[PDB]
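Remarks on the structure that follows.
Laboratory data are not the source of any read-out in this text; all were calculated from the coordinates shown. Heads up, the Cβs are rebuilt from the backbone with ideal geometry, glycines too, and the neighbour counts pull from every protein chain shown.
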Amino acid sequence: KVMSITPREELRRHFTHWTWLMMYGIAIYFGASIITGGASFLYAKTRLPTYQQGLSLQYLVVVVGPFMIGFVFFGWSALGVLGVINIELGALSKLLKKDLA
Amino acid sequence: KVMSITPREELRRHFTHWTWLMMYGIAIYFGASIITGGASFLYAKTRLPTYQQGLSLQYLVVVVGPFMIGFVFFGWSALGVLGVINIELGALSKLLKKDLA
Amino acid sequence: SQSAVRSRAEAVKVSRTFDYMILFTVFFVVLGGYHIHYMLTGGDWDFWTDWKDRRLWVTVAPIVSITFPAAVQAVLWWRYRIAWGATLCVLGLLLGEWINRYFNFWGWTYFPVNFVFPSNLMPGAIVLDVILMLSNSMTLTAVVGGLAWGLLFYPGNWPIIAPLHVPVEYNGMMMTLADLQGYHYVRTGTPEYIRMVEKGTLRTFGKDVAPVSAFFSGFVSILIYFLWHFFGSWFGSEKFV
Amino acid sequence: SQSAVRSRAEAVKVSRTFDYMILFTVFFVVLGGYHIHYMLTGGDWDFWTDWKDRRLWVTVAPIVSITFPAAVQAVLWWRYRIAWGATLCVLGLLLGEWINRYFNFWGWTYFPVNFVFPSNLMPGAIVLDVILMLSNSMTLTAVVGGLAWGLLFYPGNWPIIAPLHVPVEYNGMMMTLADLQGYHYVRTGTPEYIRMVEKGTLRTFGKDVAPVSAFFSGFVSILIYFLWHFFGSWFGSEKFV
Amino acid sequence: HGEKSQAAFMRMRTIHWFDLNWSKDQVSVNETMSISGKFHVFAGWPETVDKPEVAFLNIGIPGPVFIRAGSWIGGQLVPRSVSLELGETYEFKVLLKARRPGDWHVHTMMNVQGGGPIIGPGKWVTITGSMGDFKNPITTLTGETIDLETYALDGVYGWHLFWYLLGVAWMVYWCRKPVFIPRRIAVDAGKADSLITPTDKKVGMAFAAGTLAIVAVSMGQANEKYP
Ligand SMILES: OC[C@H]1O[C@H](O[C@H]2[C@H](O)[C@@H](O)[C@H](OCCCCCC3CCCCC3)O[C@@H]2CO)[C@H](O)[C@@H](O)[C@@H]1O
Ligand SMILES: OC[C@H]1O[C@H](O[C@H]2[C@H](O)[C@@H](O)[C@H](OCCCCCC3CCCCC3)O[C@@H]2CO)[C@H](O)[C@@H](O)[C@@H]1O
Ligand SMILES: OC[C@H]1O[C@H](O[C@H]2[C@H](O)[C@@H](O)[C@H](OCCCCCC3CCCCC3)O[C@@H]2CO)[C@H](O)[C@@H](O)[C@@H]1O
Ligand SMILES: [Cu+2]
């Protein structure tokens, strides 16, 4: 029952989602020098109104990979982060537009 | 304001359009022995009711080329002329059907 | 009603000035296209008599050349019951080839025209056009036309080249006259190994090599025809973006 | 209305904590991605000074590296008028390369840092970002940017490597200092023939070889840019399944 | 011309041309000349030049201003491509016969498949006369003594002009009538069968059956004049 939450709470959670998306970005960096990729996608669908009508495409690319059809594909998959950024801000933009007029 | 012109004037212009499409056909022949490819597409969109809801696909092929995705593609692109023919006549056919009953 | 013309007669003069301008255009534009395509795919066997063999030339030239006909037929026949589809193309090619062999190959670099004359595609272009006009069926034109296009290619050319296939004992080695032409008229930038003519196999029987190749060319030619009809339909499209 | 915040000031503190967390994320995730892509396509010329030649390196490195910029520009510029698109990427790469050359190539296997220093991509990343911010047109950025990205790659690197192109009469044979570095610092698992540097042709003229390659790289770079802009737009998509 | 543009080390490290002899350096149309000499296939042949397993002894001239009446390596006629081998020294002769008056910088040369043109030294040779003098006689194994500079040329011009005009026919059989706007209207309006009449319908069968007939017979008539 978390598609009706106090706007202050929803935002507190988009804050937690980015703690996951940040830790994930570290794992991805130590990768080129998989756990959190679920810990985050879960959260965004578990506990966030914006991601409730069923899994983001580009959020998937960021976690699946070439497993949608070499390892350069795992590389190109990182650009999926633009889709998650585009969603999150569009969501945050709507929650704080007011507010910043 | 040239989607409401005297049927005699519209036809006078489809006449000019084919003066461009003819000169272009010469350039294409001296090619296999780019200017007019704009001078014509422009006209058809500038000054001709038939080409007003936004650029013909196959008219584009005739001017773009492989730049929609060797040089055999520039060759296969000439067959785009069938699309422009098909449009022009369908337009002229409607303007003179009457008239030829 | 309102009229673009001021007399029934004017409506017939205009509807036939357009016939010329369009004829002119679709002739030259498709020339340029068809000629470029054919120069880069089949063009190499088409330049020299000592490339016109029985294996490769018999295969390549029909397959590559049936394309544009099947494209132009696709629009002209079904949109206008126009039945010179294949022939407008083959007319355009040969005109373009011939101007290039006479005024350039021979014209400016002195190759004997009887070394650089083109292939002859026009028999198949008539049997194709007609088989389509009769029957009015893309499929029968693909199957019966495709086989026609390939099987006719070497016959339609053998009366021209056959003179050059009489053998010769030149400085100790058997050569055909075509081979002699290649040896003689020095192609500085086209040395011998570039030439892809039949050379024999241990898995092969010699003549017949030409008929067997002609049929293979016929079958692939029907596949090329299906493909290139749909490609032509696509090409004849009045959709806007 | 109801508010996530309890004061206009809070709404500005939050909307700028997010700026950091997102900056951090899109910096490191695109690092990882871009670095992996670049390591497997261009990475081999990028490790060693005696692979940084005039034919291949000049060609490969721009083409492979312009990708991710064109992807990241596609989203950041048009969704947010963000204009450090190419530079976030090239910053991320070089940071990733440099940590790897210093603490590993030199760090743990003792290769002299002046043997394993990276390519320099940042001049094109600025000329690219700016050409896009001015003009705000994907096409002009593709054509004028693509040529910019390739033509600038060797100039942006020649002041660094040129020291290593002074020749040397070593044990009887002319070698550049770069060649000496390769001969000297033993790459047990990367022997000489693996290296794809220019070697000459009979159809070729020598220097100029670098400018001619740089332009070719420029042209292919615009094609790669069109492609990778659309790929980026695709990548920046909020569609749900 | 053309070899000053090639990499210097290529030309030094590839084929060495030496002891060349030119039997003339002015010649009249039909007068033959002889370039002969030796060449060495340098055993340290460049990487990016395929070893000459498949090479061809050409001459460099702008078009057949000469014709190559002969060429030999090792006293074997080499009209086809040869295998040369790194390390070895070969002798050669080419028999040029002049065709087109002018001042020609004649290069002896070696095309190496997978390699490029390996260009030997050229000396100016001057042809005098009128090219219309040029004659290229051949005695066939059926003999018959032909001139290969014009043989079968009336047959090509014949048969090509026929089939072209046969084509122009088909196109003017129809462009007699109106082609585009009226046929368009006719087809759209549901009336497409109205445009192929039964005269039309097998005027068509004429051209078809004719083209096949003219093919099969002149086919059979060719395997007679040349059995
Ligand atoms: O800063 C004051 C804010 O406090 C609350 O939100 C906090 C949250 O309670 C707070 O828990 C959270 O903190 C973000 C810390 C980010 C973790 C950083 C890294 C940890 C290690 C490496 C990766 C991530 O985000 C907000 C502040 O950034 C309120 O919800 C906000 O409205 C209020 O403005
Ligand atoms: O022929 C009489 C007609 O005059 C007017 O249209 C003219 C136009 O005023 C006239 O300017 C134009 O002329 C077409 C000439 C075609 C140019 C031919 C080539 C020039 C050089 C090489 C390429 C093209 O087309 C029409 C005649 O074909 C009227 O509009 C017509 O209704 C009327 O029937
Ligand atoms: O002479 C009397 C006839 O002339 C007029 O029609 C002419 C037309 O006015 C006349 O212009 C037309 O010409 C046909 C050939 C013109 C294009 C020739 C080819 C160019 C090369 C390749 C194919 C087409 O032929 C028709 C009949 O021969 C009348 O309109 C006809 O009704 C009448 O039957
Ligand atoms: Cu010379």
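Summary table
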item	result
Separation in nanometres of the label points that stand 7 Å from Cα toward Cβ, at residue C:24 and residue E:4	4.8 nm
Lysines with Cα under 18 Å of residue E:202, excluding same-chain neighbours fewer than 8 positions away	E:177
In range of the label at residue D:110: residues from the range D:44-84 whose backbone nitrogen is under 15 Å from the point 7 Å along Cα→Cβ	none
Cβ-based net charge around residue E:129, under 11 Å, with every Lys or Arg adding one and every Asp or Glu removing one	0
Cα-Cα over 21 Å, subset of D:207/E:123; B:45/B:94; E:51/E:123; B:1/B:45; A:1/D:13; B:98/E:201	D:207/E:123; E:51/E:123; A:1/D:13; B:98/E:201
Average beta carbon contacts from partner chains per residue of C:129-136, 10 Å cutoff	5
Test item: Cα-centred dipole of the range C:23-160, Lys/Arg +1 and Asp/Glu -1 on Cβ, debye	220 debye
Enclosed volume per residue, in Å³, of the convex hull spanned by Cα atoms of the range D:1-111	127 Å³
Theoretical FRET efficiency, 1/(1+(r/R0)^6), r = Cβ-Cβ of residue C:10 and residue E:193, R0 41 Å, to 0.05	0.90
Antiparallel bridges, percent of DSSP beta bridges restricted to chain E (to nearest 5)	95 percent
Total charge dipole magnitude, the range C:1-72, about the Cα centre, Cβ charges on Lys, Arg, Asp, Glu only, Debye to nearest 20	420 debye
Relative contact order, percent, chain E [alpha-carbon distance under 8 Å, six or more residues apart]	18 percent
All-pairs alpha carbon distance profile, the range A:56-101, 10 Å steps from 0, percent	28, 37, 20, 12, 3
Two-site label geometry, residue E:21 and residue D:126: point separation in nm, points 7 Å out along Cα→Cβ	7.0 nm
Label-zone membership for the range E:89-105, site residue E:28, 7 angstrom Cα→C-beta point, backbone N under 16 Å	E:97-102
Whole-number percent relative contact order across the range E:1-135, with pairs defined as alpha carbons under 8 Å at least 6 apart	32 percent
Cα pair distances exceeding 52 angstrom across the protein assembly as shown, given as percent	38 percent
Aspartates and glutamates whose Cα lies under 15 Å from that of residue E:135, excluding same-chain neighbours fewer than 8 positions away	E:31, E:147, E:149
Beta bridges per DSSP with both ends in the protein assembly as shown, % antiparallel, nearest 5	95 percent
Pairwise Cα inverse-distance average, inverted: Kirkwood Rh of chain D (Å)	19.7 Å
Charged-residue dipole, Cβ positions (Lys, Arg, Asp, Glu), chain C about Cα centre, Debye nearest 20	640 debye
Other-copy label distances relative to residue C:40, 7 angstrom Cα-Cβ extension, nm	3.1
Shortest-first nm distances, residue C:202 label point to equivalent points in other copies (7 Å, Cα→Cβ)	3.0
Inter-chain shielding of E:168-180 (mean C-beta neighbours from other protein chains, 10 Å cut-off)	6
Mean-position separation - Cα centroids, the range D:188-204 and the range C:78-98, in angstrom	50 Å
D from C by rotation - nearest chain C beta carbon to the axis, in Å	C:234, 14
Residue C:139-residue B:72 FRET efficiency (beta carbon distance; Förster radius 25 Å; 0.05 resolution)	0.40
Label 7 Å beyond Cα on the Cβ vector: residue A:54 copy-to-copy distances, nm	2.8
Listed peptides D:78-86, E:53-61, E:79-87 by packing density, highest first (mean Cβ within 10 Å)	E:53-61, D:78-86, E:79-87
Relative contact order [Cα under 8 Å, 6+ residues apart], chain C, whole percent	29 percent
Rounded FRET efficiency, nearest 0.05, which uses the C-beta distance separating residue C:17 from residue B:98 and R0 of 22 Å	0.80
